[PDB]
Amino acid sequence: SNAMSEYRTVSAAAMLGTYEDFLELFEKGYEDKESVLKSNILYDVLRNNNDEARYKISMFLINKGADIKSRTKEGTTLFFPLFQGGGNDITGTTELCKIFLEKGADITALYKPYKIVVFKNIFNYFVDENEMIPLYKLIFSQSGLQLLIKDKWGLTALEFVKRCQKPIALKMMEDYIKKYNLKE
């Protein structure tokens, strides 16, 4: 039993192992499946550096009814680890964002420790913006984005995007601000 020896909990398997490793733990581990599903296990999954594992395990848990609306003790939604780690699989990250939104997760909440929009990292992605459009559409279709709120150091989300090389994101943010009539 490779995975059963390597991982003591489903949480560990979810963050470090393959989809197959995670399955071994979910089924054969000592923890109660129902307790696992009600936990913030998806937060651990999203931190898996393995894109294929991250996606397959995420979809498995979501389909089994894992908690989508959970928050860390600091108030952080699933969107944060999704966007922090999702740069190498835009198709997968987009799909997961779509599903989180459909299932009621809140993308408007800030990441409190730094007072930043939860998707700030997507503007760091090394992928052509043409590829980012589906994800951009998902995000800007949500009411309540906090684009003009100063972060812990006095920088708003708009100000940040202005200084990246992301003209499409910039245009869409300006459009969002004009649509909703947002002010500084």
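The first residue of the shown sequence is 1; numbering continues from there.
Higher mean CA temperature factor between 58-66 and 113-121: 58-66, per the PDB entry. Look at the mean CA B-factor for 38-46 and for 126-134 in the entry; the higher one is 126-134.
Set against one another, the Cα B-factors of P81, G92, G104, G87 in the record reach their highest point at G104. Sort the chain's modelled residues by C-alpha temperature factor and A169 lands in the middle third, per the entry. Among all modelled residues in this chain, the alpha-carbon of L147 has a temperature factor (C-alpha) in the highest third. In the deposited entry, the Cα temperature factor of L158 places it in the middle third of its chain's modelled residues.
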